[PDB]
Structure formats: structure tokens, C-alpha cells
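Just so we're aligned: the sequence shown equals residues 2 to 107 in the numbering used here.
Only one structure is covered here, and it is reproduced in the block below.
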Amino acid sequence: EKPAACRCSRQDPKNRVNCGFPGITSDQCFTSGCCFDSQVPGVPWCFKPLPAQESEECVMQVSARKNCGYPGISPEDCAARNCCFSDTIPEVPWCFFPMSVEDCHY
Numbered sequence: 002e003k004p005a006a007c008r009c010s011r012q013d014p015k016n017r018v019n020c021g022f023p024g025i026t027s028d029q030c031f032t033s034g035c036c037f038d039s040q041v042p043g044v045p046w047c048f049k050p051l052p053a054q055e056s057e058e059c060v061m062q063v064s065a066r067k068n069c070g071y072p073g074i075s076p077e078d079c080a081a082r083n084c085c086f087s088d089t090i091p092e093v094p095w096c097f098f099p100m101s102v103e104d105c106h107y
């Protein structure tokens with residue numbers, strides 16, 4: 002397995018949750034469909050990803066979607082000349098800015 006780097010590196014500042022085991026390495030953590038950072042000492046190094054779209058372009062939790070477009074806009078038209086459009090989760094900004102990074106890692 003292997004999701005992405007933004008799904009690990011750009012995870013969350015303290016999730017108090019893990020998706021691996023104490024003493025892991027990484028690959029084995031990235032092969033279990035889980036992510037691994039460790040960057041944060043003490044907290045859970047091995048955790049889960051942060052998917053939010055069928056395309057590794059959005060990626061973001063209910064809060065990282067800022068709020069590009071409007072909750073009144075629709076699909077197609079959104080991505081038309083707006084930003085990401087993940088309505089998968091109602092009650093949030095579907096039209097949000099793109100990760101616009103790529104400086105993520107494992």
C-alpha cells in the first residue's frame with residue numbers, strides 16, 4: 002500500500018491516534034494502508050491518511066477545506082473556475098483551495 006505524503010506529513014498536529022505499532026519502521030506502516038511520520042515525538046508516528054477525494058489533489062479534513070467556492074454552487078461549475086469540490090461531506094466547504102504544495106514526504 003501507499004497513499005501519499007500529504008496524507009502523512011500533512012496529517013494533523015496531534016491526532017492522539019495510531020494505525021500501526023510501537024517499533025514500526027515505515028514501509029511496513031505504509032504497506033498496511035497506514036501512514037507514518039514520527040516527526041512528532043511522543044505522539045503517534047504511525048497513523049491514518051487524510052483522504053477526501055478520488056484524486057490526490059484535494060486531501061484535507063473538515064477544516065482544511067477553508068472555503069473557496071460557496072455552499073450554493075454545484076459540481077463541474079465549481080471545478081470550472083473555483084477550487085476542489087468534495088461534497089462527500091455535507092455541511093462543509095466543498096469548493097476549497099487545492100493543497101497547492103507537493104512538498105510533503107513520508
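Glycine is no exception: its CB is placed at the ideal position from the N, C-alpha and C atoms.
Strictly by DSSP, which residues pair up with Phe31? Locating residue 31 in the sequence shown gives position 30, where the first residue counts as 1. Looking at the DSSP assignment, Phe31 forms no beta bridge with any residue, so it has no partner.
Counting only runs of 4+ residues fully inside the stretch 7-77, write out the alpha helix (DSSP H) ranges in chain order. As far as the stretch 7-77 is concerned, its whole alpha helix (DSSP H) runs of at least 4 residues are 28-31.
Can you check which of these residues, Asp88, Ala65, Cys59, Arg66, is closest to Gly73 by C-alpha distance? Start at 1 with the first residue of the sequence shown, and residue 73 comes out as number 72. Checking every option, the nearest Cα to that of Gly73 belongs to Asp88.
Buried versus exposed, by CB contacts within 10 Å (16 or more), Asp38: Translated into positions along the sequence shown, residue 38 becomes position 37. Under the 10 Å beta carbon count, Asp38 is surrounded by 16 or more other beta carbons and is classified as buried.
Per DSSP, which one or two residues make a beta bridge with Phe97? Translated into positions along the sequence shown, residue 97 becomes position 96. The partner list for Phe97 (beta bridge, DSSP) reads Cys85.
Take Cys35 as the anchor and find which of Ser10, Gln54, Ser64 has the nearest alpha-carbon. Walking along the sequence shown from the start, residue 35 turns up at place 34. With distances taken between Cα atoms, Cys35 lies closest to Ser10.
Is it right to say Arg66 is buried, meaning 16 or more other beta carbons lie within 10 angstroms of its own, or is it exposed? The sequence position of residue 66 within the sequence shown is 65, counting from 1. Buried is the call here.
DSSP state of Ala80, grouped into three classes? Numbered from its first residue, the sequence shown carries residue 80 at position 79. Three-state result, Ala80: helix.
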